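Take a look at this single chain in structure tokens; it is the form deposited in one PDB entry.
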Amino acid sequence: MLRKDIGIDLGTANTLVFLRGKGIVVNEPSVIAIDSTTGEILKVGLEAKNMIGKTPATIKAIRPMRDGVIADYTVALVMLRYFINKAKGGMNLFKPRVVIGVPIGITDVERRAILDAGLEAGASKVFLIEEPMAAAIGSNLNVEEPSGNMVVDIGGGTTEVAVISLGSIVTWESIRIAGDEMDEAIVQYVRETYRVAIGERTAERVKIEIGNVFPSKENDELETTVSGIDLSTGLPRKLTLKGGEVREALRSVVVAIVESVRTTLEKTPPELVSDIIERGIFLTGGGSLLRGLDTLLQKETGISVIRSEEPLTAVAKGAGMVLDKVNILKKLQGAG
């Protein structure tokens, strides 16, 4: 196409870009590294993320997106522009149409900030789409049908729970407790339990390697090691963590997620709840990969929980795909 159609999952942790007719063309951490004094852009993406917790005073590794929205506008803009340009494979004579995912609980001010960023970033037209909706579309769930589709989307910034029907969200809950809060909980557990200071990236690695929320011998037996500073001696220290401890460290976050799902179901229209019981709950998002999360939610809700086939790319895919679905596109907020 001359005018590209782009779908963007601008996450607090990772940014995915879908290009209609090509697929996912961008999959990089939502991090930008700059020279702390001049403001020169040093790196964007993976090379920038690799700097987190390891930068000299002359470099600042920034994650402009937080809680599913723009935390630092000027930096978010530069990052967004970089990713869009990269998605287009170089500037074209015609500015692309762009759809960006947003949390349902986003405010009008936060919405406008993203629309403006999109236009300044080079889009001819920008549209905003709720993440769970994009996630459902990207997963080929027939969102336009009058059939209850409950999606639990856990990203890095927010946990979104929505019951979808007729191309729209009927009931929902949006909490700013997700992937980032999980890493944070691990960092905190280690500090409090062992008086050892570890970084955000080490905590994330632990989450990925042995993160789990359902008790089982298998999960309890999972183990890995973390390295940091023993705050009692000031000496470097390596220690082993087992699944049981990580599950406990994640208890509060899980409780909050379980509660958001339970709360949404309770206020969902009965006919839709009837559909959900038959259809099951769809679990997706990068933050939903915790071991036994589907098992836990199924036990807590009494309803079958099905994991997304492509939990990381669903939102970007849907955002791109909606550009070819007029009936849904028509209802999205836009600018340009």
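All residue numbers are counted from 1 along the displayed sequence. Definition used throughout: the rigid core is the maximal C-alpha set that superposes within 1.5 Å between two forms.
Another form, the form deposited in another entry, is not on view; read the next lines as being about it.
- Once you line up the core between this form and the one not shown, the CA of 52 is the only one from 303, 52, 272, 26 that shifts by 2 Å or more.
- Residue 91 is among the residues whose C-alpha shifts by 2 Å or more between this form and the one not shown once the rigid core is aligned.
- Once both forms are fitted on their rigid core, the CA atom of residue 289 lies less than 2 Å apart between this form and the one not shown.
- Between the C-alpha atoms of residue 56 and residue 204, a gap narrowed by no less than 3 Å is obtained in the other entry, as opposed to the form on display.
- Annotation for the pair residue 291/residue 52: C-alpha atoms recede from each other in the other entry, by 3 Å or more compared with this form.
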